[PDB]
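Student: Turn this into a structure:
(4 chains, ligands or ions: 2)
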Amino acid sequence: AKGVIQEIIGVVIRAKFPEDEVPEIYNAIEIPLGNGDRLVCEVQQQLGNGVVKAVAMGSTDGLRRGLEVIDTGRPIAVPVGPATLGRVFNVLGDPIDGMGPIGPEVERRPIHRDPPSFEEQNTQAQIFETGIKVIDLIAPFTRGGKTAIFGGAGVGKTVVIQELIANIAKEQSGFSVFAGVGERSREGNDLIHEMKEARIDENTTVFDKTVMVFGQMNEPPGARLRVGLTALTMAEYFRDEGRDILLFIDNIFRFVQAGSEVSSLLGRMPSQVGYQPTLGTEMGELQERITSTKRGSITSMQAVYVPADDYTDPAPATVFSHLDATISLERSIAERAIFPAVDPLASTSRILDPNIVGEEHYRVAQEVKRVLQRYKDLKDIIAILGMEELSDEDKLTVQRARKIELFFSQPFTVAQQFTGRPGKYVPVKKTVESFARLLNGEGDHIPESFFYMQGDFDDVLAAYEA
Amino acid sequence: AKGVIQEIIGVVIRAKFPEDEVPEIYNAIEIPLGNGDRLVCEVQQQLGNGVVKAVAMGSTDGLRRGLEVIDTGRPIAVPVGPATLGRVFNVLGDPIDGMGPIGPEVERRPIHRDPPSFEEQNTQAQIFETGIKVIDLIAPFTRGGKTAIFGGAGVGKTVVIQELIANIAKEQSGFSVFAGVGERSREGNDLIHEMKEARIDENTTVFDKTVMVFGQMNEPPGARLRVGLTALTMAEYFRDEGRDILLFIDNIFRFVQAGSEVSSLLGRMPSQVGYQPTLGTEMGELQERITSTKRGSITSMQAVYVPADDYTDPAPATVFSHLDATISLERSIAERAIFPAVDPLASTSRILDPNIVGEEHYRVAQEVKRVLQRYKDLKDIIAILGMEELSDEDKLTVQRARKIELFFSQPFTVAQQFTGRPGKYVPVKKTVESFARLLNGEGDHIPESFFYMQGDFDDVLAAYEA
Amino acid sequence: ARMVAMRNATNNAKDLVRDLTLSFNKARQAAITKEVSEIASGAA
Amino acid sequence: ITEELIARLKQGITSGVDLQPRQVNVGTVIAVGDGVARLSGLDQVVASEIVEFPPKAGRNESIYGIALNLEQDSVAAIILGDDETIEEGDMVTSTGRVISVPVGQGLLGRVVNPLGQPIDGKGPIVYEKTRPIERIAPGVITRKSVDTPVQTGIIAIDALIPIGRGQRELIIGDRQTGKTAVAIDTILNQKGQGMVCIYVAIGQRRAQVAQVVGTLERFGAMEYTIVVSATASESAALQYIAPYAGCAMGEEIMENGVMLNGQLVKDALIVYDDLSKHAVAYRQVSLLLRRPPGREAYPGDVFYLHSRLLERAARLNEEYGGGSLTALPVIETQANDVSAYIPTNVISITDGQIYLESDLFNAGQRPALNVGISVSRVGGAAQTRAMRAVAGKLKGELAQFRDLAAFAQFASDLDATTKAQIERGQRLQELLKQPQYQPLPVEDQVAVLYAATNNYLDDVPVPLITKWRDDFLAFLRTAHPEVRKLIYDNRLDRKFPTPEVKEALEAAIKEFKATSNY
Ligand SMILES: Nc1ncnc2c1ncn2[C@@H]1O[C@H](COP(=O)(O)OP(=O)(O)OP(=O)(O)O)[C@@H](O)[C@H]1O
Ligand SMILES: [Mg+2]
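Tutor: Numbering: from 1, shown residues only, chains lettered A, B, ... in the order given. Ligands and ions are numbered 1, 2, ... in the order given. See the structure here:
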């Protein structure tokens, strides 16, 4: 080890090393900053005789060529274990919260792991029961499978995230990891800190049950590129213990953009619309460690920002190639106070097939979407001439569709203190039975109210009687 | 101070000078030819060991790889003074007109000069009095400001230029400069020279009050690049005397294009769509010398040609970043015998706010262009309704719009010997008062064609009384 | 009849807008690809 | 007591200087390009030092440069001054400091370079502290949720797109639309709100910056405003470092504060007048340094470029001082190409957008905000309780009108409720129209919006609505000065329309409407 800086061009630096002991690729070389603090650079290329090209992941403004460089001999070492729970880290594993250092006794693992082998993968797909009626019915989760959420963040996305964390914490092993890739320091860090510390469940705050890794906006492209890998490294410790983990990645498109910026800085030839040539490979290094293995499962929900409005753009296309379910939060559904503002028609899922979720689940879900689709077609006509022109049965479908879309609302345990309403966890079988019994004709006499922010059909009736 | 040519690639010449006598970054190289004249280059990049890369300014179809080059020490020196008035010059300041060379006694000034400092800039925008009603009302100029005409041929743009020169030379001292940058030699020359020599005012031809510098499309990119700076130096000489200068940079866009080529041949790394990386700075170094200081003001009215019809293109966008007013000459207005083809709409100016021009000027300028805000949209209705025979009140608005459209026309002094009609100089106060009183309804008694070519409303009245 | 005809025309116009949006996005991606390709070629 | 001067001297003279000669490392310029020098072997140079280029024959001054590229056997130094004087073979000395700018009370009402050198010609800068350009953002746990509102003074922004202290609202628009006008209106409205505005003017013309400074001085806003300026003619290095100098000057206000009107002001507002021109300057710098380009020829670290700059704008908590730094970046799009590279980068970075459209600007809606697409993710937290309580119905009715915006010219042949909604939307849109350099205080906006949301302007015709406002406030300014103070005093009350202020405002509106005719 003990190299010397040979070149500093922006974040991309080059370090010369002896002919032997040259660092490997992704080896996290360290530059002392003249004090206790240090600058960790990740080696991305090996050039000629000992020269290695690396990405700064830091300010790299106080550096001078000829400065000492130390090879760590391993990728970025991220602390893992129960000590990470309730703490907030950056890409390098340093805790950025008020609390002190993690400590040398805690195990540190390389950031660049390998996805589970072919043997360890589950042969069959198991449905992940989140407990939210609309999520578990229209676009059911997949255990160990990726999931995308589409929203403008003003539609209660954080509420859904907190509800998922609380549900897994209280009804499963329940550990979660939140990767703030490209996360704003104000909107995405302190606001979420206050929301997660204030939100409580069974005398334990949500923040105590989650590990938060923030690759912020102000960090160089390498940090935003590797923050997701840091989050996977942290979650893999809990996955290896047999627990089930939820990984929430905010704006995976920002991870794609960070990769593109790193590739542009390294000099690699551009591909398609300003995208890295290693787009598929980089998306495969990520989102492949998110699998349901024999020991445990990591299920991930990933916010996806669509450039312009292209679902054919290479970044959302590569994201979609690895997705099992899409949830489309929509503004109008949230303007009316339906907080679980999941658009049933737009939101889909791969696991919603008879051979996995059951024939009854598939049949009711299709009928729910069918009547809603008919309602969407008649949204024009109702504004055209009034509800009067609509034929009977079609008038029922409009009446029933409004009731069912109001019934998609569900009280949340994390929102209990704000709204003064206890949360209701509706199992998938209970959801299927309730919606089938709503469709078949029961509850038709009940008005649109009494379905708002309720649990199962049993709750809708008991309320009607009282 | 003598070097040897090393390489010749097109219009880019590399020349090796002695170690201690390397020319500066903008000096002239002045390659001597066998037949008596010289090829003046312009340094662009000091590099290597005494080697300078320069732009040819000429053909370079007769040069070997050993010819001597005589550094001139100073940048391209251009003749400035009253002597360089009423004469046509090239980029190098050599008079290309029939008359003899400029005498050695005339002061030569460097082509590259520092724009005026921030302290000398006027703290309040001031309107520039042209005398044209439509120009001084719809799109007022700025003292030391930039204006662009968007018009082709046959719309009287040349006559507008001639009248602007004549008006500034009569009301003020008003010497004028015309830099044809990348113009057709047919349009720019022998159709501007002859028209301005024929056009006369106070027994003095317009050409006698105007300096001309012409870098045409046939000349190498460096000539078209530095012709604008030549004209700026010639105008800045008079500006130093305190006299007001009107400068017409015809096809400022062809300036930008020239720079692009100069960069492509210089090995500079391309920016955006092939354009030079130094686009904003190059445009600033030319558009910042056009400003109103305490001593004098160089008012500029440029011409911009947008490739295809793309205002998104980097060259038009960079031009517009430095523009204060736009005048949109139109074919439809020109073919209607309206001699000033300035469109009342699509002709904007940032001076048109009540803080600078005045509340009354803004009020009337909003009263007009409001009856035409619809562009008499009634004209579409008249086409399929015949006015519904007549409009309840719209028919009045149509009458007022037609009257004011006719009134925008004005007899020009430069055309006084062509159409046999005396030229009318209309102050801005007269224009605002005339249009306001016409909009009140005083102009509802005279028929149309009485506003056809008259300077003021009072002049229209005199005609009605007689 | 005019109401029905305008409803059909609005639906057709919306479908044409969707098709033109797809075409415009394809053209936009192609333009970005061409620009970056020529910029990389000029750099190299 | 001159003896104190003699004692302080004659002691540092005798034993305060080493005077020991030593070898110092310099560099030789070996190639001067389009503002780029190579400096050959200048070792011990920091990655962003400011090299000196000491004076030589024919040059009595020094042009400084930034050593951006620390290559092997070469240091590509971007030149801050004019490159026409630096020639091959010139000696350079590596000043050991990264670029720092003077900060504090001294830089108020003064126009300065990005290097802190005054350009207004009113004397040397008086200062005692220099803050480093390019410092790390305040941090995650160092901030607090944005709660205090920044009163823009424009009804549209202050009512529908709230800006709070610490919030980063983006002013994005197309060419001449009013972005600088909105920024200047915001700056002029902070006369008594205890805020120190900063204007950066990246790449603007000298004439435009001069007119902006003249407007600020004419309204008396150049006693709390710091104007930085890196104009178009100046080198790309100055335009590249202008916003960072501005935000360092603002971070001094945020952390230490300055005495404004005899009060410790720790809130600052900074307006980056063109990040679309700062990005162009950085692109020129990168391409002249032959760094690998990316999309639209911008370098790879151009998102990082604006991200560093904007992520230093924060609302610090009480532990770290309680200061603030509001950022108002300005972007000039081309033909409303929001999907362009720099606009998308800054939109993703910022916490909100104020979309200014040329269509509305030309139509007559002079504040050309497009409320449909303009967002403020802070939202109601950046509004006083009065404005939050009153603007909800405004936003709802404006949205309803926008849904029916295609129907304005067919309002007669429509439903009574649809015609009423269209008419109310037209009245509200005419209300949001505002002249230049006439910011309305919070109480005036609250009064006007309370009169509008409640059915009080229904009888007033649309073309006179603006006039109505311009009269009504004048009435409240002269006839009923107490109701304005009553509104302003309990603007923070949770239930703002408390009966006292409700009756006072109702009576004022009725009295104004009874006397006036429209
Ligand atoms: N709110 C307003 N009220 C009245 N006039 C306005 C307003 N906003 C803009 N204008 C008018 O539009 C002109 C251009 O506005 P402004 O200079 O603010 O635009 P901009 O978007 O900053 O343009 P640029 O790209 O040229 O810097 C002003 O000089 C003024 O005449
Ligand atoms: Mg502006």
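Student: hey, let's count contacts and neighbours off CA atoms from now on
Tutor: Fine.
Student: For residue 372, give me its contacts.
Tutor: Chain wasn't specified; assuming chain A. Each residue near residue A:372 by C-alpha atoms under 8 Å, 6 or more residues apart in numbering or on different chains is listed here: A:345, A:401.
Student: Oops, wrong one, chain D.
Tutor: Per C-alpha under 8 Å, 6+ apart, neighbours of residue D:372: D:399, D:402.
Student: can you give me phi and psi for it?
Tutor: Dihedral pair for residue D:372: phi -60, psi -40, per degrees, to the nearest 10.
Student: Against chain C, how distant is it?
Tutor: Residue D:372 sits 20 Å away from chain C, taking C-alpha to the nearest C-alpha, to the nearest Å as the criterion.
Student: same thing with residue A:264?
Tutor: Look at residue A:264 and chain C: by C-alpha to the nearest C-alpha, they are 10 Å apart.
Student: go on, residue D:360?
Tutor: Computed with C-alpha to the nearest C-alpha, the distance linking residue D:360 and chain C is 23 Å.
Student: What strand or helix carries that residue?
Tutor: Using DSSP states H and E, the element containing residue D:360 is helix D:358-363.
Student: and the residue of chain C found nearest chain B, how many neighbours?
Tutor: Checking chain C residue by residue against chain B with C-alpha to the nearest C-alpha singles out residue C:43 as nearest, at 5.7 Å. Residues within reach of residue C:43, counting by other C-alpha atoms under 10 Å in any protein chain shown, total 17.
Student: Enumerate every residue touching it.
Tutor: By C-alpha under 8 Å, 6+ apart, the contact list for residue C:43 reads B:269, B:270, D:292, D:293.
Student: can you list contacts of the helix holding residue D:360?
Tutor: D:173, D:174, D:176, D:177, D:366, D:367, D:368, D:369, D:370.
Student: got the buried residues for that helix?
Tutor: Buried positions in helix D:358-363, judged by neighbour count with 16 or more other C-alpha atoms under 10 Å in any protein chain shown: D:358, D:361.
Student: Indicate whether it makes contact with ligand 1.
Tutor: No - with C-alpha under 6 Å from any ligand atom as the threshold, helix D:358-363 lies outside contact range of ligand 1, at a closest distance of 7.9 Å.
Student: next helix or strand past that helix?
Tutor: Where DSSP H and E defines the elements, the next helix or strand beyond helix D:358-363 is strand D:375-376.
Student: That following strand - contacts with which helices or strands?
Tutor: Other helices and strands packing on strand D:375-376, by 3 or more C-alpha pairs under 8 Å, 6 or more residues apart in numbering or on different chains; DSSP states H and E, are strand D:352-356.
Student: at 10 Å instead, please
Tutor: Applying 3 or more C-alpha pairs under 10 Å, 6 or more residues apart in numbering or on different chains; DSSP states H and E, we find strand D:375-376 packed against helix D:155-160, strand D:169-174, strand D:352-356.
Student: Could you export those as JSON lines, including distance to chain B and mean neighbour count?
Tutor: Converted to JSON lines, these look like this (distance: least, C-alpha to the nearest C-alpha, whole Å; neighbours: other C-alpha atoms under 10 Å in any protein chain shown):
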{"stretch": "helix D:155-160", "distance to chain B": "20", "mean neighbour count": "25"}
{"stretch": "strand D:169-174", "distance to chain B": "10", "mean neighbour count": "26"}
{"stretch": "strand D:352-356", "distance to chain B": "16", "mean neighbour count": "25"}
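Student: how about these, which one is nearest chain C?
Tutor: strand D:169-174 (19.9 Å).
Student: Which helix or strand lies directly C-terminal to the closest one?
Tutor: For strand D:169-174, the following helix or strand on the C-terminal side (DSSP H and E) is helix D:179-188.
Student: buried residues in that following helix?
Tutor: Across helix D:179-188, burial judged by 16+ other C-alpha under 10 Å covers D:179, D:180, D:182, D:183, D:184, D:185, D:186, D:187, D:188.
Student: swap in stretch A:279-294?
Tutor: When neighbours are counted by 16+ other C-alpha under 10 Å, the buried residues of stretch A:279-294 are found to be A:279, A:280, A:282, A:283, A:284, A:286, A:287, A:289, A:290, A:291, A:292, A:293.
Student: check contacts around the spatially most central residue of chain C.
Tutor: If you average the C-alpha coordinates of chain C and look for the closest C-alpha using C-alpha atoms, centre = their mean, you land on residue C:24, 2.1 Å from that point. Residues in contact with residue C:24, defined by C-alpha atoms under 10 Å, 6 or more residues apart in numbering or on different chains, are C:18, C:30.
Student: Residue of the stretch 301-450 of chain A nearest chain C, please.
Tutor: residue A:310 (7.0 Å).
Student: How about the contacts made by that residue?
Tutor: If you count contacts by C-alpha under 10 Å, 6+ apart, residue A:310 has them with A:316, A:317, C:21, C:22, C:25, C:26, C:29.
Student: Repeat that for residue D:61.
Tutor: Contacts of residue D:61 were listed using C-alpha under 10 Å, 6+ apart, and they are D:53, D:54, D:55.
Student: On the three-state scheme, it is what?
Tutor: Here residue D:61 takes the coil state, with states given by DSSP: H, G, I helix; E, B strand; the rest coil.
Student: so how far is residue D:241 from it?
Tutor: When C-alpha to C-alpha, to the nearest Å is the yardstick, residue D:61 and residue D:241 sit 21 Å from each other.
Student: re earlier: element containing the residue nearest to the centre of chain C, please.
Tutor: The secondary structure element spanning residue C:24 is helix C:2-43 (assigned by DSSP H and E).
Student: Residue D:505 now?
Tutor: Residue D:505 is part of helix D:499-515, with elements assigned from DSSP H and E.
Student: hang on, residue D:154 packs against residue D:368?
Tutor: No - contact status for residue D:154 versus residue D:368: not in contact, 11.3 Å apart, counting by C-alpha atoms under 10 Å.
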